[PDB]
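So the structure is just underneath, and the comments pick up after that.
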Amino acid sequence: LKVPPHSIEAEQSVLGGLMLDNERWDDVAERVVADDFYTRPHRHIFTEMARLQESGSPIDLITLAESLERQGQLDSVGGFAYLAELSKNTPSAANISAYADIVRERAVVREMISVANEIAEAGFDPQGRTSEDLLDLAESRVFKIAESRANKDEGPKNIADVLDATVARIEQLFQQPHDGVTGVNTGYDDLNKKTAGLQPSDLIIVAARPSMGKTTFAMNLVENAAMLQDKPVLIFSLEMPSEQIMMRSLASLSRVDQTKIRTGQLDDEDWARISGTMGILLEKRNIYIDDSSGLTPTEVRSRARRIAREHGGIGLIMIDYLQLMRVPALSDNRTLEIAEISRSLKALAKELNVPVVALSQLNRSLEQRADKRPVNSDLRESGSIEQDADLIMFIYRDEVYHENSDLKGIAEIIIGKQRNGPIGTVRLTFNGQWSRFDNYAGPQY
Amino acid sequence: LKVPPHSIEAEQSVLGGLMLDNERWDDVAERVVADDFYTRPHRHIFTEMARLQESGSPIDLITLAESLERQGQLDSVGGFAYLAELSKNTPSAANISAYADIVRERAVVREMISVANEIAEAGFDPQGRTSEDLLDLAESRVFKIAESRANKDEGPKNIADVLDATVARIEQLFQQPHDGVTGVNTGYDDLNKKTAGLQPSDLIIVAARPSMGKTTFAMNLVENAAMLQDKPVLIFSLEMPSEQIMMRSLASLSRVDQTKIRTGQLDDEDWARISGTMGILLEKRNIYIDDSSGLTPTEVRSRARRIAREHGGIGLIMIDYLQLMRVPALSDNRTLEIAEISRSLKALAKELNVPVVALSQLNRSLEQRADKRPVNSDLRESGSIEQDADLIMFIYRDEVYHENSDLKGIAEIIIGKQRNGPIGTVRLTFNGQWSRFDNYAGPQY
Amino acid sequence: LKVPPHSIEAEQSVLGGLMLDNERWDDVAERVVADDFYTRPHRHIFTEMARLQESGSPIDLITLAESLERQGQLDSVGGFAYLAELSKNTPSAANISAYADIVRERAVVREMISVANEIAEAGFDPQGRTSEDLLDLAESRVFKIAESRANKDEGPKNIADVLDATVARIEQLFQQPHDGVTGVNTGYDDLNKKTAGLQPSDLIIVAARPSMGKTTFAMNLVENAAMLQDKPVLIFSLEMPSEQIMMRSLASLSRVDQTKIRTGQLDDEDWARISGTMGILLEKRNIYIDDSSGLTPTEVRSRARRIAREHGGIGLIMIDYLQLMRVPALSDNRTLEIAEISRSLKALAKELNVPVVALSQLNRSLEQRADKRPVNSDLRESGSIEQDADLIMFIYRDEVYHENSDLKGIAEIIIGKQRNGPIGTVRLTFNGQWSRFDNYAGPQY
Ligand SMILES: [Mg+2]
Ligand SMILES: [Mg+2]
């Protein structure tokens, strides 16, 4: 019931794994230490192995016994006969660092109990000592423990440990001298300038009123990517089903109208363009659609990670009308619901290192404003999706509100926020007959 | 001979298959969850393995054991001496899927028997209850476990898995070469261009101020759809009772004044029409009406599903003045109430694969606007109506407000939103003496 | 404890009722069926009497035996000696319809447990069978149960039923004396329609805010019922004593104000109308009043049954501000205390076969809402008494709230629930200067 908590079987398993593989010792040398172990024979074995890996790389069965022999230690450290059992056991695979980490943790635990014993000792043993000379000692010891637990990554880093990563990214980008696109491209040249391409660890938002084009624009982004991104994409159509999506997308990629598709009065050239774009999409095999209705961020994360390990690793994610996302815990408070959603999506993007398009709606506030250009406040709910987002870009198409516009066939992509870049107003030509946005070779902005 | 149904060979085999194959947990995690398993040690083991494949993938023999020792459950779930025997056993190849499948099947059956025994328990124990709660209890439990189970067409589909269905639909339409109508005809060819008929998965919205005749239009639609489609139709008269509904529908059908019905001031010349319409209606057994007051979403769902599986599968729905539809929990928050409403209607359509008309009101925002041609934002409440919709077509009779125009007797159907089609300015003619809209072969609209 | 539940006493009583009454076969046949019984001889007698009441009118004692001899089945169902006891027993009064309905309920329950065991067997016995065809079996079975149901009024209606009333209008509607009532006449003809009077074996709930007039209504009811019936009625006034109740009632009847009564400013023209109604209220001796404070449901039962035996059988029970009812067992937990009291009053309603008027309050959840027209949830405790009652109806007099109103003097009785009919919303008139609701002569609602 009561004992020093220690695991000693996985310990020997690590020992034999190091024996049968003289390559991966540095990675466990990061974690495991000679005094980390519990019993002294294992400690002798590991520290001898370490002294040898300084000098003698080959250490499996006999170099160990020889180095142990030259200084006269056989049968005082167990035995070569006993060592046979260690090399015999654990022919296991690269599942070694797990054992290493967990036993390293057990060592930390054992040390904690040791120091609690020391504190109890110094407590019941006064030695003519005061609370002020005692609690301060206790604080200093526990401080030395928690401060130094062989942990480097999670803690606040000195600047030289940050500039290494910064210069590393700069070398990753200079070592490939290429265009002014530091991530995913869209297919649109007027927008890649104000974005440097959809960057790879952000939460993009694509918001606009309902009849405006945001699902259309998003599908255009993803299909263009998947035509120039040899790497998967995802599409979560929580609103409409896959069979509307793909129809819209064939119309987009082939510049034929949607009625002609669904109803079936299309001409030989139309049939040909369809044939070609199909036979393209079926080769690259990027697009993966999920027409699930009421998802949660957990389901999103799982269904994205499933791809991201087996189909390689992914290039972007699209999410239609995230206000349908749910989390039943926060089912009463809608505001905190959306905040949890958005935080989880940003976390996902930082996890998988991809962008996360996340379509959203706007509120019926701009209608009584007479300009109609959507400002960042005009987001459907919670105000936090303008806070966790590293990019927002609204859509406004003046022909909807003004029949007397000189701005018809024209949609402008109001960048309404961008942390790592400028704001602006891109413009593009709308042709919803085949559900596409296209570039605008015309006046500047 | 008889036992609560379960095998163990499949179960333990899958468990060891996961012990020695740590990559294939997705395929297994999709299907089986801890509560599926029969015995407790296996459940503890499974939840720990999920916990580990979340963070730490490599788990074979003793990583799980130390995860288990973090709970201190040594030997409560068998023991390392036992779990090692499972590590030895079941070297199983790709037959993990089928073993997990039969484990799952036995568990679902087990749940069904549990429900049967529990209903028998509440039967022998009347518990101070009347059967009007008990039949509903049986229905609710059975379908709850059904739809809690039924969501097994899920996951991120591949692209070809989409295009199969898409092209199947396109062929199904081309396999019936007919007019430009894919859905439910409206009877108004001026309208059946822009819409291709009331599509089979949509939420249509017919809306205008009360003195425009929205109810007349929807009754005309369901009238025509019952006459054309040899298929059931439902109606929910939340506002008024059937005594007016039928007496107005017959006026729509047979071109006779409503007054001349209720007052008897008719003649045999018109009565020929009446007797014809009636006799046509009875031998079809088509038009179904519910003259309730405040029905909720799930009441509507159950009723529609009842009429569905009995009489083939329904073909249209009308829902007048949805605002009366309540849900008691969301009585404080009106906005979330209407949101829930609209979402349930849309998912009902998706369930039955039919259309869902739903009339709705407009606010006093546009009276003080000087144009009065309604817009999508004027929809009286909550804004998610126009976001969860597929087709919004208003009314604007100019005659009611302006008088000096030749557009009188002429009601126009402003399509103000359509995802899978265009916007428009349809014009139809009005004869309110018998409550109908008719076509208009007039100048270009 | 654990048994197939089946009514046998009331069963034989219904059978002997059919014996001693050839008339009452139609409506009883609309509910009970030969398969509705438990044992065989009862089924034999029922099918014989059904075949005979089709053709052979006289069946009380002898013609049953004559037909039983025509088919030659003597001593198969007992015998004529076994039969004589059936005509011997059950001299009961007209209370047979409730017996028939509860036996129908018991048959439905018996079917339910039979199906439950069938499903248990089907689950234990796959016989090489996918669970698809097993859950489908169960669900199809449940729907085949609940589909037929011998019930066609809670739900939509085929057009055959609609056109029944629609054409019945145009010929047969000379029925304007629709006094179709079964139970206690409420004294309100506009209200007696939608409720069908107080069905004598249910639980009524009258509830509203305090300044609203509910006690005045639930005194008006017993006030009329004392006069119309020649039957006693009970008044458990847990709020205020008899001396104010009666001083109110005299004023309700005589049409003078409480003030002049408790003051003495009243002349001959009031003296006469007091003397008359006083004389009427003495010449019947129906009403009994209990000015208690802290009654328990046990005391409710005891004090209804002290009088139910002496005076024939009581006609109406009236509890005032229910929530004061205590039970010192559940003196800590309020929720289960209220649920206990509700179940107890419903049990008493079943026991004496009388209607229970039992008031309640409304929490302050409507007053954070501009509607202020209450609903089923605004019910002040436990959400329990919206289940143990076949009737609820709430009140709303707007002119307590709005001083500007043109709805003053007026008070709608919202009916929030019925399990034996449709809900509605009456529109009375309130004149509290003499503490009365009157039937309203005005426009629609
Ligand atoms: Mg969309
Ligand atoms: Mg009172």
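Throughout, chain A uses Swiss-Prot numbering, with the displayed residues spanning 24-468 in order.
Method of determination (from the header): electron microscopy, 3.4 Å.
The backbone N, Cα and C atoms fix where each Cβ goes, and this holds for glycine too.
Per Swiss-Prot, the feature ATP binding site maps to A:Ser234, A:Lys237, A:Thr238, A:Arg442. Taking the Cβ of A:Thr238 (ATP binding site) as reference, residues of its chain lying under 8 Å away and at least six apart in sequence are, in sequence order, A:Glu262, A:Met263, A:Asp343, A:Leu382.
What Swiss-Prot records for A:200-467 is domain 'SF4 helicase', and it gives sequence analysis as the kind of evidence.
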Largest CA-to-CA spread of ATP binders A:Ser234, A:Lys237, A:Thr238, A:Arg442, angstrom: 28
Binding-site residues compared (A:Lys237, A:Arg442) - the one with the fewest other Cβ atoms within 10 Å: A:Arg442
Proximal to chain B - binding-site residues among A:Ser234, A:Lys237, A:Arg442, CB under 8 Å: A:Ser234
Coarse DSSP state, helix versus strand versus coil, of A:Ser234 (ATP binding site): helix
Under 8 Å by Cβ from A:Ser234 (ATP binding site), counting only residues of that chain that are 6 or more apart: A:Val423
In sequence order, those binding-site residues of A:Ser234, A:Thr238, A:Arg442 whose CB lies under 6 Å from ligand 1: A:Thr238
